[PDB]
Number of protein chains: 2
Amino acid sequence: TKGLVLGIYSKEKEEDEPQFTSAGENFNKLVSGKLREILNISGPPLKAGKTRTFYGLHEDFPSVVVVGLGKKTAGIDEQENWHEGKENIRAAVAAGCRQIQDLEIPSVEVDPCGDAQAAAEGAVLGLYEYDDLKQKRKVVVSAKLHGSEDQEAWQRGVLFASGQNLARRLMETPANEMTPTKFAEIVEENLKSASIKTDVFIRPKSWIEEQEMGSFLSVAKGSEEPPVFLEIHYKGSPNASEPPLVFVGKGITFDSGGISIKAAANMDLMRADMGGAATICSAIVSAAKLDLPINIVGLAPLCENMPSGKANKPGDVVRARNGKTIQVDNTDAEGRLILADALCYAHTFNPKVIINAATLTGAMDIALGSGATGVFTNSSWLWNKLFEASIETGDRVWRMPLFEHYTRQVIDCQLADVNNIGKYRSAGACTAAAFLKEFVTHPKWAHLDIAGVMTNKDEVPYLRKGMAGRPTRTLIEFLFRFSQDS
Amino acid sequence: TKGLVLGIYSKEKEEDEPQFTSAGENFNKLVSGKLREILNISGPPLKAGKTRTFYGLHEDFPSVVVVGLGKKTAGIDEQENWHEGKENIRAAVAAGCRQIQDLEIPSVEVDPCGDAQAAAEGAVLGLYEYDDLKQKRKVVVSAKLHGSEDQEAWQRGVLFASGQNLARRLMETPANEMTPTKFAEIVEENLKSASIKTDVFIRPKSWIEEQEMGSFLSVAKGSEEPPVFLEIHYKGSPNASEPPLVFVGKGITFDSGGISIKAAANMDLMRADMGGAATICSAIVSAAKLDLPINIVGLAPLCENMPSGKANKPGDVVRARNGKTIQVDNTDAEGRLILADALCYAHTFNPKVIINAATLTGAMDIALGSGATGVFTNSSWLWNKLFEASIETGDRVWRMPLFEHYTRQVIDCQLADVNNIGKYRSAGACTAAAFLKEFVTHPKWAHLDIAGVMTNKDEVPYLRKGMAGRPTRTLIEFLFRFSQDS
Ligand SMILES: C[C@H](CS)C(=O)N1C[C@@H](Sc2ccccc2)C[C@H]1C(=O)O
Ligand SMILES: C[C@H](CS)C(=O)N1C[C@@H](Sc2ccccc2)C[C@H]1C(=O)O
Ligand code: NA
Ligand code: NA
Ligand SMILES: [Zn+2]
Ligand SMILES: [Zn+2]
Ligand SMILES: [Zn+2]
Ligand SMILES: [Zn+2]
C-alpha cells in the first residue's frame, strides 16, 4: 500500500473552482478527472489544514488524501512574522500524512505543494512520534517526494525536520535513559555521521573541575549521575583559523529543582530541561549535514539537578569559572548556574557570536507561551538575523529586554557578586537573562529562553503532542544564512 | 530658606577635573571658587545619581546639593532604548530635590542641567508623594528653574511630570475615595482647567445600558458603587471634523476579583486597577495643556469588581456591545470585559488610532516587570511611534505579540464566541490581548498592558515608592509628536 498526499488551494474570487497544485492537477488528469469529480461530490471546499480522503482513484494509490493549502499566494504575514504559505503547507501536509498513517499505510508520496522544503518539514515533523519504549506503535510511514523535480528542496526539508526531530527525541526520552552521558553519546554519533570534519569531547567531571566550573559542579553534585561537559566542533570553514560561532545549551537531563524541590504536578516534563542542549546540538548536527562553510562550536554542560545529602543548599555561594561568586538562593534556578560556566568557557574560542538556548524560566512561558522563543541579545544585528530566519521556518522568536534594570535586581546580592534569583518575582525571564549577561562580555550574544516552546499540545499543527524541539530549525536557518551572508 | 540643586558631570579622561554644568560653574564663580574647593575637600567624585550637600556657601543658598549627572554627552543608549542623558538628569535632580526636602527647605532652584525638561521632570516626579490622608507630611517643596533661559523646556517638563503625577494621584488614592464618580469628576475638572476646547460626559448606568454594554455592566453589577463611562473630548484640531485619536483605559477603581476572589496579600494595590484610565486620561489632560492641534477622545469605563449576591458568576455568558458573547470563566479577568465594550464604542468615533491602556495581567508583570510597558499592536507604524516617544521619556515600552496563536486559545470557548481567559495558563498577557483584539477591527490599534509598571519600589530612581503613573509621559510625547509629524 502506497498513499498520496495532494494539495488544493482555497478558491480565489476570480476562479470558478479551487485550484489543485501542479501535482494535484496532474494526478486528476491521470485519473481522467475522477479526483475533481469526487472532491466536488464530497461537499464543501477544503480549507487550510483540512483534509479529505478518497479511495480507489488509482491502482497505485488506493488512498489519496487531499489537503487544503489555503491561499496560493500567501506569503510573509506582517502580523504573524512568518511566511504564511510555508506554515499552511507544513500543517496541511502533516495532517495529510497523519491520515495516511491512521490508514496504516507504510509509504506515502507527498505533493511538493509549490514548496518542497515546507512540504517535507510538514511530513517529517508531522509524522514524528517518540515511541521507542512502547509495545503498541503506529505504522512506520516512509514519506517521499511525489515527483522528481524538487528533490534538493525536499531533502532540505527532511534535513531541517530531522534536526528538529533529533532535538524532540533527546527531549522526550525519559531522563533515566537520556542521561548526560547518553545525551553526549547520541549527539556524538549524530554529529560524526553528519560529517568527519568534526571533533567531540565528552568532558568528564575531572575536566570540569580542572576548568574551575564551580557553578556547574554545584548543580551536578546533588545527583549520583555523572556530569559531562559536551564540547563539539564542526570545522566547516575553508579556513581552519576562522573564528567559530559558539552555541551553548542548558543540559539539565532532569530537574527536580533540587533542595528547592519542584511540585509533583507535571514534573515529568523536566526530562526536557536539557532542551537547550538538544536544540543547539541538533542545529549543529544539521549544519554539518548541510556542510555549511563555517566553524561552529557547541557547548553543553549536562547534569541532573537532584536533592540529596550533598546537593546545592539555598544560600550556598559558588564560584564561576570567571571568578565571580554566585549566591544560590534557589537551587531550582540551576540552568543559569551551569550556563554561567559554559558561557565563560565559550569566550575562550574567540567566537564571532555566542548563542545559548535554555528551557530557562517558567516566566518565559507565562510571558509568551509557545507562541515564540524569547530572545535576549545585546546585538540588534543578531536579533534581526534570528528574526529573519524565524520568518522562514515559522518557528518564531520574539525579542525580550536586556536592561540594566533587571541586572540591578540580580547583582543586589547579600553574600556574593550575583544572586541566582532576582530580588523581586517580576520579569523572571529578564532577570534570568540579566544573570547570564554577567558572564558574557561578547558583543554578539543571544540568549534564547525556550521554556515556553519546550512542548506542544496543538499550537503548532505539524507537531504532535510532546516535546517540540523548538526552535532548532530557526537556528539551522540562521546558520545557513550566516554561512552565505554574514 | 531656599535650596539649590546643581549638577556636575563625570570626569572625562581628557579633563583634569569633573565639569560643572553652566549653572554650577557660574555659582562656583559667584562664591569665588568655594563650591569647587569644598567639593574637592569632600572626597570622591560624584557619580551619576549621587548627591552631596554643602552648607553656607551663599547667603541666599544655605544648602547647595550637587548631583552627579554622569557622562555629559550621554545620549541614546542603543541597549537600553532610552536617552541615557535625560534619565541621568531625572534621577540626579530627583535625588537632589529629595535631599533639599529632607532638610525641610520649602523652596528649591534647579539647575537645568543642559536639559530643562528632564531636570523639571526629575524634580516634579521626584518630589511627588500622595500624602493627602496623612497627618504627618514632608515639607511641601516648590521647585523652580534656576535661571531664566530655559523656561519653556522647564515648564514642558513640569507639565509632563504633572500629567504623570495626576495619574499617580488617581492610582494611589484609596478606592473608597477614588470611586468611578470621583475619578470622573477629578479628570473632568483637570481637563476643563487645561482647556475650554473640551467636553466631558460622565455617562451614567442608564446610558451604559442604552449602549448595550452588557460586558461592562456584568462587571459593575456586583458592587453597590455606581458605574460610569467617562467620555472626554479634547477638540484641539483646527478642523472640528478631523478624525480624533481615541484612548481607552481600564477603570476598575477597585478589583477584589469578584466571585473569582483574589488572595488577600497586597490586594490593596488593586485600588490602582484603574491605572489604564488614569494614564490615558492624564495624557489627554496634558495634551490639552500643551494645546496640541489634534482631536482626542478619551474613553474610560469605570466600576468596581466586587463579590456579592448579584455579582458576575463564573461561566456566565454576557453580550458585548458588538453582539459578541463572552464566557466569563474567571470574574477576575474583568478588565478585558469592560474594555470589550469600550473598544467597541471607540470605533464609533472613526478614530485615526485607538490606544488602550490597562493594568490587565499579572502575566505582563511576570513577563517584563516594571522594565517596560507591554505594547500589543497590529500596526508597526504605531509601535514605532510609541517606541520612539518612549526613548525620549525614558518610560519604556516593549512590543508583545498579537498572534492568532493566542486568539485561538480564547475563541476556543465552550459556551460563547470568546472566553475571557485562555484555555492554557501560558502567555497570559498575550491571550488577554488576543481577547481585546476580538473587539477591534481598526487598522491602528495598540493595547498597553501596564500591570507591570503599575507600581514603583526603586526601579525608576525619580519615582518614590508607590503607584507610578506609567507610561503617561510616553503617551503625551506620542501625542505631541503625532500633532507635529503624523
Ligand atoms: C523553569 C525554571 C528553571 S528549571 C524554574 O523552574 N525556576 C527558576 C526559578 S524562578 C523563581 C521562583 C521563585 C523565587 C525566585 C525565582 C526557580 C524555579 C521556579 O520557577 O520555581
Ligand atoms: C491582573 C489581572 C487583572 S485584575 C488578574 O488578576 N487576573 C486576570 C486573570 S489571569 C488567569 C488566572 C488563572 C486562570 C485563567 C486566567 C485572572 C486574574 C489572576 O491573575 O488570577
Ligand atoms: Na530528555
Ligand atoms: Na486609586
Ligand atoms: Zn530548575
Ligand atoms: Zn532547569
Ligand atoms: Zn481582576
Ligand atoms: Zn483588573
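Positions of Cβ are backbone-derived with ideal geometry, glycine not excepted, and every protein chain shown enters the neighbour counts. What follows draws every value from the coordinates through simple rules; no lab data is involved.
Using a 10 Å cut-off on Cβ atoms, rank the peptides A:260-266, B:315-321 from the highest mean neighbour count down.
Working: A:260-266: 11.4, B:315-321: 18.9.
Ranked from most to least packed, the peptides come out as B:315-321, A:260-266.
Size of the dipole of the protein assembly as shown about the Cα centre, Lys and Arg at +1 and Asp and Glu at -1 on the beta carbon, nothing else charged, in debye to 20? Don't jump to the answer; show the numbers that get you there.
Working: 108 positive and 124 negative charges, 171 e Å.
The calculated dipole for the protein assembly as shown is roughly 820 debye.
Which of the chymotrypsin sites (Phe, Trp or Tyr not before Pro) found in the stretch B:410-470 are in a DSSP loop and have at most 13 neighbouring Cβ atoms, other than their own, within 10 Å? Walk me through the numbers on the way to the answer.
Working: sites: B:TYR424, B:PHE435, B:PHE439, B:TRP445, B:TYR462; in loops: B:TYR424, B:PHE439, B:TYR462.
For chymotrypsin sites (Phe, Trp or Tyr not before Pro) across the stretch B:410-470 that sit outside H, G, I, E and B with at most 13 neighbouring Cβ atoms in 10 Å, the list is empty.
Taking the simple approach of a point 7 Å from Cα along Cα-to-Cβ for both B:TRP381 and A:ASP77, what is their distance in nm?
2.2 nm
Would you work out the charge dipole size for the stretch A:166-483 about its Cα centre, treating the Cβ of every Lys and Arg as +1 and the Cβ of every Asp and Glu as -1, and quote it to the nearest 20 debye?
Details: 34 positive and 35 negative charges, 91 e Å.
Dipole size: approximately 440 debye.
In percent, how large is the relative contact order of the stretch B:1-165, given Cα pairs closer than 8 Å and 6 or more residues apart?
It rounds to 24 percent for the stretch B:1-165.
What does the structure give for A:371-377 when I average, per residue, the other chain Cβ atoms found within 10 Å of the residue Cβ?
3
In peptide A:70-80, how many Cβ atoms from other protein chains are near each Cβ within 10 Å, on average?
Numbers: counts 0, 0, 0, 0, 0, 0, 0, 2, 3, 8, 5.
Per-residue shielding by partner chains comes out at 2.
Mind checking which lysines have their Cα closer than 30 Å to the Cα of B:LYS13? Skip sequence neighbours fewer than 8 apart in that chain.
Once the sequence-local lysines are set aside, what remains near B:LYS13 is A:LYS324, A:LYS437, A:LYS444, B:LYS29, B:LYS34, B:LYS47, B:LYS50, B:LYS71, B:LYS72, B:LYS86.
So between A:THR325 and A:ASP102, what do we pick up on full extension, going 0.36 nm a residue minus the alpha carbon distance?
74.7 nm
Which value, in debye to the nearest 20, gives the size of the charge dipole of the stretch B:1-152 about its Cα centre, when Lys and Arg are +1 and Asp and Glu are -1 at the Cβ? Don't skip to the end; give the middle numbers.
On the way: 19 positive and 26 negative charges, 128 e Å.
I would put it at about 620 debye.
How big is D, in µm² s⁻¹, for the stretch A:166-483 by Stokes-Einstein at 25 °C and 0.890 mPa s if Rh is the Kirkwood radius over C-alpha pairs? Numbers along the way, then the final one.
Working: Rh = 18.8 Å.
It diffuses with D of about 130 µm²/s by this estimate.
Please report the spacing between the Cα centers of the stretch B:423-486 and the stretch B:62-110 in Å, no decimals.
Cα centres, the stretch B:423-486 to the stretch B:62-110: 26 Å.
If the cut-off is a Cα-Cα distance under 26 Å, which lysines reach A:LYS192, setting aside same-chain residues fewer than 8 apart in sequence?
A:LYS144, A:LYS182, A:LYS205, A:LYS235, A:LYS250, A:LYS289, A:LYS352
Taking Cα pairs under 8 Å and at least six residues apart, what relative contact order does the stretch B:1-53 come out at, in percent? Walk me through the numbers before you get to the answer.
Working: 38 pairs, mean separation 16.8, N = 53.
RCO, the stretch B:1-53: 32 percent.
In percent, how large is the relative contact order of chain B, given Cα pairs closer than 8 Å and 6 or more residues apart? Don't skip to the answer; put the middle values down first.
Working: 1205 pairs, mean separation 71.4, N = 486.
Once normalised by length, the contact order is 15 percent.
For the stretch B:39-45, take each phi angle, set θ = phi - 60°, evaluate the Karplus expression 6.51 cos²θ - 1.76 cosθ + 1.60, and give the result in whole Hz per residue in order, putting x for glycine and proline.
Result, rounded to whole Hz: 4, 4, 5, 4, x, x, x.
Please work out the C-alpha center-to-center distance from the stretch A:141-219 to the stretch B:171-185 and express it in whole Å.
59 Å
Take the Cβ-Cβ distance between B:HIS58 and B:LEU133 as r, set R0 to 41 Å, and report the resulting FRET efficiency rounded to the nearest 0.05. It would help to have the intermediate numbers written out before the result.
Working: r = 38 Å, r/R0 = 0.92.
Once the sixth-power term is evaluated, E becomes 0.60.
Residues of A:359-368, mean number of Cβ from any other protein chain within 10 Å of their own Cβ, rounded to a whole number?
Working: counts 0, 0, 1, 2, 6, 4, 7, 13, 13, 11.
Per residue, the average neighbour count from other chains is 6.
Could you give, in nm with one decimal, how far A:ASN350 is from each other copy of that position, shortest first, with labels 7 Å out from Cα toward Cβ?
6.6
Measuring from centroid to centroid over Cα atoms, what is the spacing of the stretch A:308-369 and the stretch B:349-417 in Å?
That distance is 31 Å.
Taking 51 Å as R0, compute the FRET efficiency from the Cβ-Cβ separation of A:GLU15 and B:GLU209 and round it to 0.05. Before the final figure, lay out each step's value.
Numbers: r = 48 Å, r/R0 = 0.94.
Result of the calculation: an efficiency of 0.60.
With θ set to phi - 60° and the Karplus curve 6.51 cos²θ - 1.76 cosθ + 1.60, what are the ³J(HN,Hα) couplings of the stretch B:110-119 in order, to the nearest whole Hz, using x for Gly and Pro?
After applying 6.51 cos²θ - 1.76 cosθ + 1.60, I find 10, 4, x, 6, x, 7, 3, 5, 4, 4 Hz.
Nm distances between the label at A:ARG137 and the same-position labels in the remaining copies, 7 Å along Cα→Cβ, shortest first?
Taking the point 7 Å beyond Cα along Cα→Cβ, the inter-copy spacings are 7.7 nm.
For chain A, take the longest principal axis of its alpha carbons; what is the angle in degrees between that and the long axis of helix A:472-484, to the nearest 10 within 0 to 90?
Approximately 90 degrees, to the nearest 10.
Using DSSP to define loop residues, name the GluC sites (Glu not before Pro) in the stretch B:199-253 whose beta-carbon has at most 14 other beta-carbon atoms within 10 Å. Let's see the in-between values first.
On the way: sites: B:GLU209, B:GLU210, B:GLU212, B:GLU224, B:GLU231; in loops: B:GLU212, B:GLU224.
Filter output for the stretch B:199-253: B:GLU224.
Quick one: angle between helix A:151-172 and the longest Cα principal axis of chain A, in degrees between 0 and 90, rounded to 10, please.
Helix A:151-172 sits roughly 50 degrees off the main axis of chain A.
Per DSSP H run of at least 4 residues, take -39500 (n - 2.57); add these up for the protein assembly as shown, divide by its residues and hand me the 222 nm value, nearest 500 deg cm²/dmol. It would help to have the intermediate numbers written out before the result.
Working: 30 runs with 356 residues, N = 972.
Using -39500 (n - 2.57) per qualifying helix, the result is -11500 deg cm²/dmol.
Any idea what the A:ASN239 label distances to the other copies are, label 7 Å down the Cα→Cβ vector, nm, shortest first?
Label-point separations across copies, in nm and ascending: 5.8.
Through the Karplus equation 6.51 cos²θ - 1.76 cosθ + 1.60, θ set to phi - 60°, convert the phi angles of the stretch A:221-229 into ³J(HN,Hα) values in whole Hz; use x for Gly and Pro.
4, x, 9, 7, 6, x, x, 9, 10
Just in the stretch B:28-72: which trypsin sites (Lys or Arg not before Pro) are loop by DSSP and have at most 15 other Cβ atoms within 10 Å?
B:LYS47, B:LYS71
Going 7 Å from the Cα of A:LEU30 along its beta-carbon direction, which residues of the stretch A:93-120 have the amide nitrogen within less than 11 Å of the resulting point?
Of the residues in the stretch A:93-120, A:109-111 have backbone N under 11 Å from the label point off A:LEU30.
Angle between the Cα long axis of helix A:335-346 and the longest principal axis of chain A, 0 to 90 degrees, nearest 10?
Once rounded, one gets 90 degrees.
Taking the Cβ of B:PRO174 as the centre, find all other residues whose Cβ is under 9 Å away and add up their charges (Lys, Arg: +1; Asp, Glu: -1). Intermediate values should be presented prior to the final figure.
Working: positive: B:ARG271; negative: B:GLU172, B:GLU177, B:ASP268.
After counting each charged neighbour, the total is -2.
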